[PDB]
Amino acid sequence: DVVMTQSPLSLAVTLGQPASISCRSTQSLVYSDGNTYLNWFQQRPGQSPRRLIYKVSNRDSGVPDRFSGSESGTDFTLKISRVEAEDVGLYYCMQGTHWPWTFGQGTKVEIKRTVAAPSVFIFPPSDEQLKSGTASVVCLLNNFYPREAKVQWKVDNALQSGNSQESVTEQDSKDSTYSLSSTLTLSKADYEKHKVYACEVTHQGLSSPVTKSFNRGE
Amino acid sequence: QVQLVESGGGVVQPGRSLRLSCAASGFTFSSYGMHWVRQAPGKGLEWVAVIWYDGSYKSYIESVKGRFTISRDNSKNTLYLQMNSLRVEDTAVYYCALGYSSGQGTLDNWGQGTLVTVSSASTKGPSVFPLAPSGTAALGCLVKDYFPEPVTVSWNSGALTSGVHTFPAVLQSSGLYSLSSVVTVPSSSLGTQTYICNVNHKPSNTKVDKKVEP
Amino acid sequence: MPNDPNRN
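Chains as they are written, first to last, in PDB author numbering: chain D, 1 to 27, 27A to 27E, 28 to 213; chain C, 1 to 52, 52A, 53 to 82, 82A to 82C, 83 to 100, 100A to 100C, 101 to 127, 134 to 213; chain P, 5 to 12.
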């Protein structure tokens, strides 16, 4: 099979800056008709792929002109001249010269924006959930940049270990921020034996850690 | 327009079979070759198979040869992928795809995909619990303990979209997924305004509406 | 096998 190798696998670039993705081929993609059948696809989260370039450098109709494609023999290159916020997503190359047709591994494009501190909210378990014996406590970090963030849980001021889980949205395609949820999981019996539940958030946008907390029973 | 709609994906035990179909319309379907491309969750696109416009020539990836058969019925405008001896590595979203303006060495039209989960686990619907709020407030719903993906979550029957984050599902140590959906709103609305999240887990035919109150 | 599965 023809092996398409892409680089970089992940690419972070600040708005307005250029960006380029390269693809290399273990075999020539020149077909007997003299064309090179190298394609570039964009794919946004939860969306079918959308072709940007075919035959190395032809831009698809309705694809903006900041996208271009070229070949250096050494490799094939997708270029975005001025990176815009809506360009988050994955990008794949595809050769259709040899069967089986093959893609590269893909390249993820993150926007580098200015630092944005998160807004932080805490949510106690619901009385409905508590009736089946397990408690979920939720801490929300809203609209922050960059993605790196530390979320620590404290119960009656005792630091928790191993009983929380994190999820992070895809980079918003408009303001280029992230959001994050941290879920602390307890038994009802352990929940009811303590009063203060706190999530402590440190982030590059915050000059001191932010603690949001509630008292069980208020 | 050109429209492809895949169906047939679901939970299937390893070693069992599954027939995927893709329904085509809007174009002369019997003049175009048809392709299957899959994407494991969070992994990359992978071309799988092609069938000629008349069904003569077919071609497969080696990893599926002997197990998968591509076929089509031109009289029904329908593409098929027959999958036998399914492995866990076959878990993916399967797209059907074609090259319309030109089919030579390219693809330019895709379906929305159907998810095939190769797992011995049981389908289980979620439990929905409110995230009750304390300038801007936040509230949400916790969608917990379901299998397989996916769930959708809208707010107020889709009338509320600004400010909504639905987090990617996380797989817990139990083998069940859990996610939260949140929205940010003005604090002054919390005693004026109703907030209902609408959870749908089609694999278990679960529909749940939870009111989130302060 | 050519790399166009369409009708000519």
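Note that beta-carbon positions come from the ideal geometry of N, C-alpha and C, so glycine has one too.
Roughly how many angstroms separate the alpha carbons of residue i and residue j, rounded to a whole number?
i	j	result
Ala111/D	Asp72/C	54 Å
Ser112/C	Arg83/C	9 Å
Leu175/C	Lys206/C	18 Å
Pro6/P	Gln100/C	8 Å
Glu165/D	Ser17/C	34 Å
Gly44/C	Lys50/D	21 Å
residue 218/D	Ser179/C	Given that chain D is displayed from residue 1 to residue 213, the structure contains no residue 218/D and the question cannot be resolved.
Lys64/C	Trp47/C	13 Å
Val83/D	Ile106/D	7 Å
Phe62/D	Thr102/D	15 Å
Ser186/C	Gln37/D	39 Å
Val191/D	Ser161/C	32 Å
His93/D	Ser27E/D	11 Å
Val150/C	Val121/C	11 Å
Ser43/D	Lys183/D	43 Å
Step through the CB atoms of chain P and report whether any lies within less than 8 Å of the CB of residue i.
i	result
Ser70/C	no
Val50/C	yes
residue 215/C	Absent from the model: residue 215/C. The displayed extent of chain C is 1 to 213, so no value can be given.
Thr92/D	yes
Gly118/C	no
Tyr87/D	no
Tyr173/D	no
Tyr49/D	no
Within the continuous beta strand (DSSP E) that includes residue i, where are the two ends?
i	result
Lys206/C	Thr205 to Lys210
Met82/C	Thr77 to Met82
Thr26/D	Counting along the chain, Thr26/D falls outside any beta strand (DSSP E), and DSSP gives it neither H nor E.
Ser58/C	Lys57 to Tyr59
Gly41/D	No beta strand (DSSP E) holds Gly41/D; DSSP gives it neither H nor E.
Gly64/D	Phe62 to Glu66
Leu189/C	Segment: none, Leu189/C is in no beta strand (DSSP E) and carries neither H nor E.
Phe27/C	Here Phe27/C belongs to no beta strand (DSSP E), and DSSP marks it neither H nor E.
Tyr145/C	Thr135 to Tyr145
With distances taken Cα to Cα, identify the nearest neighbour of residue i among the options.
i	options	result
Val163/D	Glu143/D, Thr180/D, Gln147/D and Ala153/D	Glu143/D
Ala12/D	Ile21/D, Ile117/D and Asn34/D	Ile21/D
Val2/D	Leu15/D, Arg108/D and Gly99/D	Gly99/D
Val205/D	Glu213/D, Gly212/D, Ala193/D and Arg211/D	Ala193/D
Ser153/C	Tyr145/C, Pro147/C, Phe146/C and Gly139/C	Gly139/C
residue 214/D	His198/D, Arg77/D and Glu187/D	With chain D covering only 1 through 213, there is no way to say anything about residue 214/D.
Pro9/P	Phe139/D, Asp55/D, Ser171/D and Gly91/D	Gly91/D
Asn102/C	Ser27E/D, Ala184/D and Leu47/D	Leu47/D
residue 131/C	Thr28/C, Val109/C, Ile195/C and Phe166/C	Note on chain C: consecutive modelled numbers read 127 then 134, so residue 131/C has no coordinates in the structure shown.
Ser174/D	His198/D, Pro113/D and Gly157/D	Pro113/D
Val211/C	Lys75/C, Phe27/C, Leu124/C and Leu80/C	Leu124/C
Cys134/D	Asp151/D, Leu27B/D and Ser159/D	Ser159/D
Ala49/C	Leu78/C, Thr28/C and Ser25/C	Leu78/C
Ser62/C	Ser156/C, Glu85/C and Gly118/C	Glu85/C
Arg19/C	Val12/C, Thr28/C, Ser25/C and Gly8/C	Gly8/C
Which residues in chain B have a C-beta closer than 9 Å to the C-beta of residue i? List them in chain order.
i	result
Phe118/D	Any reference to chain B falls outside this structure, whose protein chains are D, C and P.
Locate the alpha helix (DSSP H) running through residue i, then write down its first and last residues.
i	result
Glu85/C	Unbroken run through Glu85/C: none, as it is neither H nor E.
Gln124/D	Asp122 to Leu125
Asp185/D	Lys183 to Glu187
Residues bridged to residue i by DSSP?
i	result
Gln160/D	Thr178/D
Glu46/C	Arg38/C
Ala193/D	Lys149/D and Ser208/D
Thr165/C	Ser180/C
Under a CB-based cut-off of 8 Å, is residue i close to chain C?
i	result
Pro44/D	yes
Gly101/D	yes
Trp96/D	yes
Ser7/D	no
At a Cβ threshold of 8 Å, is residue i touching chain D?
i	result
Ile60/C	yes
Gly100A/C	yes
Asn7/P	yes
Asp101/C	yes
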